[PDB]
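A short worksheet on the structure shown next.
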Amino acid sequence: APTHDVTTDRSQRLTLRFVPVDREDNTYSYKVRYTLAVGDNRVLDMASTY
Amino acid sequence: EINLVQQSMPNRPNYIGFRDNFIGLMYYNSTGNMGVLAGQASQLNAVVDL
Amino acid sequence: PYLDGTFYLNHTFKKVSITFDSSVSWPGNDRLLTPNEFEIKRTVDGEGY
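Chains as they are written, first to last, in full-length UniProt numbering: chain A, 51 to 100; chain B, 299 to 348; chain C, 696 to 744.
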């Protein structure tokens, strides 16, 4: 394996949970917003957002 | 005529109130009913109950 | 199952803790939602994990 520059797991979770900050509980639809925070020196792939 | 000679003792004093400092009104020391105080950004829990 | 690899009791496990020096968790860089320990499965799940 590479021993440096690859990964640093220091003070980072490998997944986060984000609570709703909007909820609409309409009769046939539901809306939810999330204010994402992508930290500095991190990168997100949206293929693993679900 | 023989139901004149009944006796009756008072019912027991039974005091029902709350606990000493509202003990067992908030879950502590539990998981699955654990409380979370956390950022609104990343949302990292700052409460770990064991 | 020891010699044939015919395992079948892997579904009873419920947690694993790794510690070095008896004072530092190996999952201690806060890599997991439950910070210390991996949990294999949840009994009493209300936090949807």
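Heads up, the beta-carbon is just placed ideally off N, CA and C, and yes, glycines get one too.
Per DSSP, the beta bridge partners of residue 719 of chain C are C:715.
Taking a Cβ-Cβ cut-off of 9 Å, the neighbours of residue 739 of chain C in chain B comprise 328, 329, 330, 331, given in sequence order. When the five nearest sequence neighbours on each side are left out, the beta carbons in the same chain lying within less than 6 Å of the beta carbon of residue 335 of chain B are those of 344, 345, in order along the chain. In this structure the segment 709-728 of chain C lies against the segment 56-67 of chain A, because at least three pairs of beta carbons, one per stretch, are closer than 8 Å.
Per DSSP, reduced to three states, the secondary structure at residue 336 of chain B is strand.
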